[PDB]
Each structure stands twice: as C-alpha cells, then as structure tokens.
Amino acid sequence: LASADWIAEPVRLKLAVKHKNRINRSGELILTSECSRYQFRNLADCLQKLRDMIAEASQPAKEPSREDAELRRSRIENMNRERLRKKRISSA
Amino acid sequence: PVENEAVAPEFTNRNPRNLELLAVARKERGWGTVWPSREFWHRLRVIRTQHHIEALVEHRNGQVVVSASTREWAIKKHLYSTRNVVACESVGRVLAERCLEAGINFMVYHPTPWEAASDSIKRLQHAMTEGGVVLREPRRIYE
Amino acid sequence: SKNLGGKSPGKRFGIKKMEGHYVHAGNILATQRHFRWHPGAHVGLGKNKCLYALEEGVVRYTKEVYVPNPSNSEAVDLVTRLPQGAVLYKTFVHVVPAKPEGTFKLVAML
Amino acid sequence: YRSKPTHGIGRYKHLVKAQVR
Amino acid sequence: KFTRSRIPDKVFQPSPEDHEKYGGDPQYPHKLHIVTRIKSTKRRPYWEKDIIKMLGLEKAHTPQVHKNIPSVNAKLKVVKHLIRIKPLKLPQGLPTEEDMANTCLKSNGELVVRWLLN
Amino acid sequence: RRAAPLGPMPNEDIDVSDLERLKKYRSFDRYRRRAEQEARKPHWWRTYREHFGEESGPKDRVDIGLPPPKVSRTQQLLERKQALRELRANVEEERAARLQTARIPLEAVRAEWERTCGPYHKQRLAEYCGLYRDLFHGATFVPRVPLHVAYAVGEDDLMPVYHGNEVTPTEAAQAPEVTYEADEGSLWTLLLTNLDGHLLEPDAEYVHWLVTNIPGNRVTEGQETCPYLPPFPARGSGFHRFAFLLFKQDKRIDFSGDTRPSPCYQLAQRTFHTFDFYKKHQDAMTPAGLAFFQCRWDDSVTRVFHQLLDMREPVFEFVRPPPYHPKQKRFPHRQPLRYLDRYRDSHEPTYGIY
Amino acid sequence: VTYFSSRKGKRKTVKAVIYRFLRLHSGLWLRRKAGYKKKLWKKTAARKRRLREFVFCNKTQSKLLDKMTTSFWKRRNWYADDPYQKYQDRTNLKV
Amino acid sequence: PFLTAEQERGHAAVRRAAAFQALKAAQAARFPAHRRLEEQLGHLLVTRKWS
RNA sequence: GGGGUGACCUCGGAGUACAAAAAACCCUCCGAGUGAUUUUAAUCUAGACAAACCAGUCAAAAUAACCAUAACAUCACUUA
RNA sequence: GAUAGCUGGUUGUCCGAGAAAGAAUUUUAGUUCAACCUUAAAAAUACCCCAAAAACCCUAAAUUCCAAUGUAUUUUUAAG
Ligand SMILES: [Mg+2]
Ligand SMILES: [Mg+2]
Ligand SMILES: [Mg+2]
Ligand SMILES: [Mg+2]
Ligand SMILES: [Mg+2]
Ligand SMILES: [Mg+2]
Ligand SMILES: [Mg+2]
Ligand SMILES: [Mg+2]
Ligand SMILES: [Mg+2]
Ligand SMILES: [Mg+2]
Ligand SMILES: [Mg+2]
C-alpha cells in the first residue's frame, strides 16, 4: 500500500486507516476471495473489492455511517466503563 | 522459524464469561408455561421482606453474582427505615454501582404485574437505569 | 340406530422421544391433547401443546416445582387456594445440549 | 408413570376442595 | 391378554436346605452352566422361541456350555421351563492344549480331561 | 403395578382431611417464595440441577488465606444498636424518608462494604468468573485485604480495576498503580497473570508483571521479577481475564528459577502455572489480595504483537458447527424442491462430459 | 396405457401425467400439492405455504409415472434458462 | 450367579466386536468368481477323437 | 347376523381400548356442517409428528412494519 | 375368437426359500397401495435388553425406550 503510486496520498492514507485490519505487518494490503470455484471469478471479485475500497477512500462525501443493532452494546459498554474512568486523581 | 509463532489453531478460551459477553452464548429458551422466563444470562431479583430489601443479580445456574441488601451494615447504618421506598431506591443505586464495578451491564427484570406498578420498584428501576445498568439483555446472535 | 358418530381415528397423542435419546433442533419430543408434559430447558411449545427441541442434545424428564404465570387466573387462583405447605409439581421435559456453541479457529496469521 | 416411584407427584386435587344442624 | 411373565425375586432366593438338596456349594457358586433343551418351542410364544434360538439350544438333548453371569441368567430364567440346567464340574481341572482332543462330557455333568487312554 | 417412593413425598405431611382449619397462603408471592425454597432442596428424584450441572453439588473447598478478623460480636452488636437508635432518634431523617427525598453517601457505603463484607462478595465473584478453578483448581480464598489497582490514561485520567471490569489494552499499556493497607513489617508479592491468551497450551497462563518482596506498601521499591508487559489478546478470541494476585509472605523469599530477563519478550519463558508457583512457595506465601478484569482486542494489540513480541498478529474467528442434515434419500417423499440444495457441494453447474 | 399402438405398433403415453407432473433426469418426479387453489380464505398462511410448495413423489408413484410415460420424456433436455437444470442431476447420494 | 452385574460390564466385548467384523467381512467378500481360460477351452474336448 | 322394511354412510370428545401408539361391531353416550370480538394474524426456511397414497400437523434461525420486552388471532368442553 | 370381478380346466423330474389381511374403492365374489414374503446388490448394526425415564382422582396382567450380554440378524438399493 505504501509503494502503490497509482493512487493519491489521501486515498492511501484513508486505506491505511480504514482497512488496517487486512494490512500485513510488512505493509502489504491483502485481499482474499473464496466464493467461486473459478480463479477467474475469484480474481474478478478481488479486483471489484479493490475498486470499492478505492472509490470509498477517494470520494470525500463519505459520512461513515454505522449500524445500531451491533453498536448499541459497545456504546453502553463504553458509557459504563467511562462512568468508572471518570476518576480524577494525578499519578505517575 | 520464530519460536513464538506457534499458534495451535484450536484456541481454547476457558473464560466462562467470554461467550456471554460476546452475546453468542446459549441462552436458556424453553419453559414458556412457568414464570418467570429463564431465558437470560443475568437476572435481577428483588425480595421485599417486612423488614429488609434484598436485590440480587443471579446467573442462570442460580448462584448470586452481586447482591445489595439492607441487612448489610454499610446501608443499615446510613439509612433509616430500611423497608421504605427511599431504602428501595438506595439499594437500587448501590446495586447499580456494584454491577458497574463487577462489569455487568445487562440483566433482565421480570416483576409481577402488581410489583411493576408499585412506587418503590419503579424508583429502583429508574435508579438502576440511571446508574448505568440497563435492563433488556441483548439478543443472542444466531439464536 | 341411536348412537352415531362414535367412529374417529386416534390422534397418535404420545411421547416420541424418551429419556436418553439424542435429538436435533426441531425434533418433536412429545405431542399431547392436554398439558401432560411441560417444556423445560431448550424445549419449545407449539400452539397445539406439542414439544420440540430447540437445541441438539439428550432428552431428560424431571419432576419440578410449578410456578404459574401471574396472568393465568385459574392457575393463580388454585395457587392462592392451596394450603401453606403445598407445592405444585409437574413433569418437565428438557434437552441437555451436547454440542458447544462454537470454536475459535485461526483464520489468518497476518 | 404408574409403576414409577414418583407416581402421583403432581397429585393436587386433594389439597383443595372446589366442586348446618 | 397373554403377555410375558414377570417372576419376583423371591423365587430365586435359595433356602439353606436347597444346597444340600441339589448338591450345591453354599459359599461359592459354580462357574459354568450346562444347559440342555428338554421340551420343544412349538406351542410356545415367539419370544421364548427367539431366546431358545439365541441360546444355541435349537437341537434338543444336546448340552451347551454357557456362563454364570446375570446377562445369560435372565434368558435362562425366561426359558427355564424348557431346559435342564446343571453346573459344569471339572474334577481334573481345565483341559489344556495337549488334552483338548481326549476330553469328554459325562452324563452326570463332569468333563473328564483324560478320556479312554490307550 | 405400583412402586414405593424412594423417600418422602412432597405433599405428604399436611393433613388431607379437615382442610378448612388449615392455613392457606393467599399471596402469589408467598407461594413463589415457598416454591423457590423447596426447589433448592436435594430431592431424591430426577431434578433440573442434577442434569444441568450443579457442579457436583456441595464441595469441601480448601481455604488458603488469612483467618477472619476476631471481633467482639457482643460489643459490635451493642455499638450497632446504639448507632441505629441515634439515627432513629432524629426527626429530619424521618421527614426526609416520609417526603421520599433522601440521598445516600455512596462513597462511605462502598468503604464500609469493602471493609466488612466486600471480601466475600469478591470471593464469590471470582468463583463465578472461574479464577480459583484455573489458579488452584481445588481451593478458594477470601481477599481479606483490599487491593486498589488503577491505570493512568493521562494526567488527570485514572481508570480503576475492579473485580471483573473491562479495561482496554490502550489504557492498560503502562504499568498500573496499586494500593493496599499494610504495616511496615510485612512483605508482599504482586503477580499479574493472563488466564486466556496462551496460544500453545490451553492449561497454562501468561505472566505480565511479577514483583516480589514488597516492603509494606511501596510496590516500586520491591524487585520486579517479571517486567510489565501490556495485554495482547487475539483479535478473534476476545474477553480474556487478567488477575492481580497479592500474596503476603513471612520470610525473605529468594529464587533463581522464577526470575525473568530484563527484555522478557519470549512467550516460552512467559508461561506460568500458578498452581506450581504456589506449590513451590506455599510455606511463606499466602494470597490476601485479588483484582481481576476483562480485556478484549484493540488497535494497540497489533503494535504489541509486531514491535514487542516480534510476531505476526494472529486473527481468530468464532465458527459454528455445520448444520445437520439427515441421510439423503433416493426418493425423498413429499419433500420440497429445495431438498436437493441441502446436499449440494457448490452452487456451480458441473457439466460432466459435455 | 396402450402398450402396442394400432398405427405404428409403438407404446403410447398418457398425457395427464405430463400435464400435471415433471420428471427430472435423475429419476425424480415433481408435482404440485393437491388443493393449492381451493378455498384460500379458509386456510392458514402456514397451510397455504405448504400447499404452494412443490413436492416429490415416492418410488412406487415414480415407477408408475415411468411406466405411463414413454422414453421421449426421460431424455436429457438442455433448455435455455431452465430453472430445474440445477436439479436435473443428483449429488452426494451415498447409497 | 458367579459374577455380578457390575463385574460383568463389558467383560466380553472385544470378542463380540471381532465376531461382528468377521461377519461383515464375510458379507462384503461377495463378488462374481473369476472366469479362466480353461473353463472356455475345455468345451472343445467334447470332440476329441482317435486319430 | 339372507334379502326387503327400518337405520346408517363424512368429522371430533369419553368408555370399550386400566399404563407407548394403533385397534372393530346395526356397541354405550355427547356433539359439528358455525357464531361473537379485534390483536386482520407475512415471506422464506433448518429439523421433526402423522401417514398406503392424497391429504393433515408443528417449527428454530433470517427478513418488512408496530413495544424499540409479544404478535401462536381469542372465546364458546376447541377437539369437529 | 362379442363380453364376462362368475364357474370349470390348465400337460416332465428334483432342489431352495416361502405368505391368513391395515387403508381407499357403486367396494367388501374384485382391484390399488401399505405391512409381510421371493430373487439379486450395497452396507451396519440388528433382536434379547439391568438401572434411569413415560399425568394429572383409584387402578392388574404388562408395555415403550435403553446399556451389558447370548446370538446373527437388520436396514437400504433394483426387480417383483
Ligand atoms: Mg373413539
Ligand atoms: Mg378407526
Ligand atoms: Mg452481630
Ligand atoms: Mg342369521
Ligand atoms: Mg330404506
Ligand atoms: Mg413415524
Ligand atoms: Mg423467529
Ligand atoms: Mg371369454
Ligand atoms: Mg367382484
Ligand atoms: Mg427397564
Ligand atoms: Mg439397543
């Protein structure tokens, strides 16, 4: 990803930020497909995934919409843990 | 290769709270004919005796995880008339704080139709909700 | 002559799976006309009072206390009319799950 | 069941009756 | 209706005189059963027929050796009215591999190891 | 055929005759209490707990810990009754309770709780979370002394570590501050163990911070046997448990086998067995403090895996068992057309010879 | 069934079975549930779905339909955009 | 009896399993016999004359 | 229990058929060929009951709309 | 060479295995399915089955489901 010069620097930064879960420790972004039995269709799926990622990181109108059914639990947990984190005592 | 790179793909998580926190654990669906429903991970139980009030948070196996009782000296010495609505709201607040400390944020409450319309239990539920402990345990993923 | 209509086949109301049988999800455990066996853990209740397994496991039959729904007026009235030492017991059917919910497999060491 | 030692464990109609000189 | 028959346990409780009556040891039970089929399984229920077939007692008046375990004792109790049961006696010990071909089972229920020497 | 009950029947004690003179409960709550009390008794018939794991019923737990504080029960009850009478003698408290406008000193409540009955609640919470089951396997202790552990997230941000809390590895990156009341004549040992996270052995645990020979309360003065290591839980398998155990010791324990190097980045060297550790140091050490918390994967675990451990980040997944399908029949009678799709290997047309 | 015709001397086939049945190449016969269009206001949604669902035939009925049909209806058909082309074959049948 | 119900548990199980395996093998060995050249070439011997 | 006359022909409940299921008679008794009300009650699909076949029955998960905690329409012996 | 669910007749030897009826039917003098049985072929569990388990007012002989064990039988596939 860092050596990919056919994409702009903000696009590369947005890729490295969003898709860091699929980025190797050597900086190699890796996509994988297993849907079809044909390597032709598998490569087509990988290329389509890359196109979607490039378009999402290139468009500036991205609002970063999040779900609710799976995020309410995390929100409640974050609130309930900050309710304890709110202690204010200097240390270190 | 790297001596630390051994992975043993079959990863075993001996934590009994792991799947419960991941919301993929097997809830106890079932009875439907008896009351209350045993389909939960944690359950709030409020016992209002003629003298004291006891709010427990039990697991499905029946063990009490975290409890707040007016019989405890900490609330007994700080509170007068350990039976009244003030005491019920107090024990609700203390139980909410203790649940936040223990790391339990979700539980169910199945009161009787006459206990749900009462004044003490309404204030206890409000205090438990304001303390961070939210009722209505999340739905099990792939139930 | 005078007695008519007495001819009707049996509805096969009975117990399908006995204790110890390894069943799967959806397997009907027992069918009944009236409530003879009550569902317990991981045992659903159809609208025809039939009992089916919700998980895959071993069927068990137990005798357990009966606490009815506070809205079922007949049962609550019987409860409040019972003496001070009486406790209602019923025969419940449970399914003890054998297979775990899932395992943690290594998918990618990146 | 009839032949089981736990027969009549749900027997309850003898505890309530719901049917002077 | 004619069904199977449940036999209570009091039937199989030996009395202190039955040992002396039948020549049994009151302390240690025998080890092996010699079962022979005396009656036919005709005019008998199919479950009795099947028990007599799985016991290897198809041919009549031919003895068969079985264990003294409750598993086979159950079937022997089921068909006890068609068989004669004796204890297998070994006056000269178990037949070894050099005495297998010179053995015989006497009518009184003993298995001689050296039968008709020379 | 009839059989005799193998014990007492449930409703055989009350008299069936003369039911009108017998007292009844007119309260569904009374009946529910009676039923929940009768359901916890060890009946002689097949019950629900016997099949669904009462955990061998009653168990004789070995107590490895400090004795309870010997207090005068009579004087305690006397002073408690005096305090209650003094509290009830007021009139403003009665006015507040009548008007339903009264607050509670939650801080003082928590202090008194951890002073008198907090240890037992922490013990039962650890028993529920399975700390003793994986640390000693046969023995549960009572945290007699308290243990306040806190991570510093910034300059004024202090996140506490209670019994079972959730702490993010980003907050747990640095070594925390521990506090506990102790006189200047005793020695303590602190051990941070990760129960879940060992990739190779399931029955083993990881070390994160082991520091022994603590003079009184000064934890920084004591020699750290194992340098602090941030939590590194895998991405797939989440919610590992990290437990701080505090042991009180008598003698100045010295050991060269349990010592770790200054880097201490080898997972083979950072493999612990608290059972064997306590078996080795059972003569002097006695556990008195405990504080465990939950921890899942975050964006700092990749950094901890790459920079510190010099590894590749292992990613797991919660897979489910495949769905059960019966043996495929030659002529599936009255089955829907989708019966043939349940046994399809792949949704791709396969032309054999064409 | 006309086993020997009068004009050609061949074996004829009944048209009712081809009008109300469908033969997959694997030997299975597909049919509709009887009564899936009668009194739909009187039936439950579950029963209506059961009636709308297709169903297979058992071995005896399948052999009967094979006897009543000729060999022209047991051939391999490669239709353009055939919905049942995925079902024309059988997979993982361990007999 | 000689042995009790608890003592006779599984005392003869390997032998039963081996007997069932022998039965299965005897049933699975079913196949048509070999056809050899002699079976076909011996039919010419019906016309063996004296020269 | 010869035909004729008389009676019946389909569905459900109880006894016969005492405890898994099934079980006949021109055997003994009840009934049905629908009413009332609103919560107007969906799609898709694992796995099962029952059954010669045709038919009859349940039902987890996933989907759209309502509490963001139920939806099996209810009652009339509910079974017809 | 009308048609007969009706009656009568149906021609060498020996050997192997071998069936008494549940449901529909202008059907009960007959047919078509099921359950049995025959002939081949694939397999693996098949009967016997101690605990334990199967309802509520009283209820017998005994049933259902199951280890072990004693035997070798059973289930599917293709023709019937
Ligand atoms: Mg009837
Ligand atoms: Mg009938
Ligand atoms: Mg006291
Ligand atoms: Mg007559
Ligand atoms: Mg007439
Ligand atoms: Mg069936
Ligand atoms: Mg659903
Ligand atoms: Mg003619
Ligand atoms: Mg006829
Ligand atoms: Mg038994
Ligand atoms: Mg068996």
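Chains as they are written, first to last, in the deposited numbering: chain Bu, 104 to 195; chain BS, 38 to 180; chain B0, 39 to 148; chain Bk, 48 to 66, 77 to 78; chain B3, 35 to 152; chain Bb, 27 to 380; chain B8, 94 to 188; chain Bt, 52 to 102. Where is the CB? At the ideal position from N, CA and C, for every residue including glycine.
Using a strict less-than 6 Å threshold between each residue's beta carbon and the heavy atoms of ligand 3, what residues do you get?
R99 (chain Bb), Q102 (chain Bb), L103 (chain Bb)
Nearest neighbour of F53 (chain Bt), chosen from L151 (chain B3), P104 (chain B3), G143 (chain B3), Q126 (chain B3) [CA to CA]
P104 (chain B3)
For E192 (chain Bb) versus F318 (chain Bb), is the C-beta distance shorter than 8 Å?
Going by beta carbons, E192 (chain Bb) and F318 (chain Bb) fall outside the 8 Å limit.
Nearest-angstrom beta carbon gap, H79 (chain BS) and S106 (chain BS) [assumed within contact, 8 Å]:
About 18 Å; that fails the 8 Å criterion.
Using a Cβ-Cβ distance cut-off of 8 Å, determine whether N52 (chain BS) contacts chain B0.
No, no contact with chain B0.
Could you name the residues that DSSP lists as bridge partners for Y232 (chain Bb)?
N220 (chain Bb), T297 (chain Bb)
Which residues, taken in chain order from the region 85 to 99 of chain BS, show a beta carbon closer than 8 Å to some beta carbon of chain Bb?
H96, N98, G99
Helix, strand or coil for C138 (chain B3) per DSSP?
strand
Under a three-way DSSP split, which group does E54 (chain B3) fall into?
helix
Partners in chain Bt for residue 4 (chain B3), counting only beta-carbon separations shorter than 7 Å:
Nothing in the structure corresponds to residue 4 (chain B3), since chain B3 is present only between 35 and 152.
Going by DSSP, which residues form a beta bridge with residue 11 (chain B3)?
Because chain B3 here runs from 35 to 152, residue 11 (chain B3) falls outside it and cannot be looked at.
Contact with chain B0 by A60 (chain BS), beta-carbon distance below 8 Å
Answer no: the Cβ-Cβ gap between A60 (chain BS) and chain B0 never drops below 8 Å.
From what residue to what residue does the alpha helix (DSSP H) around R74 (chain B0) run?
Careful: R74 (chain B0) lies outside any alpha helix (DSSP H) and carries neither H nor E.
For a contact defined as C-beta to C-beta under 9 Å, what are the partners of residue 158 (chain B0) on chain Bk?
In the structure as shown, chain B0 begins at 39 and stops at 148. Residue 158 (chain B0) is therefore absent and cannot be evaluated.
How many angstroms separate the CA atom of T137 (chain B3) from the CA atom of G58 (chain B3)?
24 Å
What residue range does the beta strand (DSSP E) around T142 (chain Bb) cover?
From DSSP, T142 (chain Bb) is part of no beta strand (DSSP E) but of the alpha helix (DSSP H) over 132 to 142.
Within 8 Å, strictly: CB atoms of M144 (chain BS) and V101 (chain BS)
no
Could you check where the alpha helix (DSSP H) with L123 (chain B8) kicks off and where it finishes?
Not the alpha helix (DSSP H): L123 (chain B8) falls in the beta strand (DSSP E), residues 122 to 125.
DSSP-derived helix/strand/coil call for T107 (chain BS):
coil
Using a Cβ cut-off of 8 Å, which residues of the region 116 to 134 of chain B0 contact any Cβ in chain Bk, in chain order?
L116, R119, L120, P121, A124, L126, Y127, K128, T129
Proximal chain BS residues relative to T142 (chain Bb), where beta-carbon distance stays under 9 Å:
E109, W110, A111
Measuring alpha carbon to alpha carbon, tell me which residue in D52 (chain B3), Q47 (chain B3), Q61 (chain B3), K73 (chain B3) is nearest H115 (chain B3).
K73 (chain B3)
Establish whether the CB of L83 (chain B0) and some CB of chain BS are separated by less than 8 Å.
yes
Classify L116 (chain Bu): buried if its beta carbon has 16 or more other beta carbons within 10 angstroms, exposed otherwise.
With fewer than 16 Cβ atoms within 10 Å of its Cβ, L116 (chain Bu) is classed as exposed.
Unbroken beta strand (DSSP E) run spanning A317 (chain Bb), endpoints
Residues 312 to 321.
Nearest-angstrom Cα separation, counted from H67 (chain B3) out to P125 (chain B3):
15 Å
Contacts around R113 (chain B8), its chain only, beta-carbon distance under 8 Å, and the 5 residues preceding and following it disregarded:
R124, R125
Nearest to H373 (chain Bb) by CA position, among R188 (chain Bu), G130 (chain Bu), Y141 (chain Bu), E180 (chain Bu), is which residue?
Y141 (chain Bu)
Please decide whether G129 (chain BS) counts as near chain Bu, where near means a Cβ-Cβ distance under 8 Å.
no
Alpha carbon to alpha carbon, what distance is there between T73 (chain Bb) and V106 (chain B3)?
Going from the Cα of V106 (chain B3) to the Cα of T73 (chain Bb) covers about 34 Å.
Less than 8 Å separating the beta-carbons of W323 (chain Bb) and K101 (chain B0)?
No.
Within-8 Å CB hit, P150 (chain BS) to chain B0
yes
By a C-beta neighbour count over all protein chains shown, 10 Å radius and 16 as the cutoff for buried, is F149 (chain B8) buried or exposed?
buried
Counting Cβ pairs closer than 8 Å, one from the region 208 to 227 of chain Bb and one from the region 186 to 200 of chain Bb, do we hit at least three?
no
Would a check of beta-carbon distances place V187 (chain Bb) closer than 8 Å to chain BS?
No, because no Cβ of chain BS sits closer than 8 Å to the Cβ of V187 (chain Bb).
Hey, how far is the Cα of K190 (chain Bu) from the Cα of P150 (chain BS)?
39 Å
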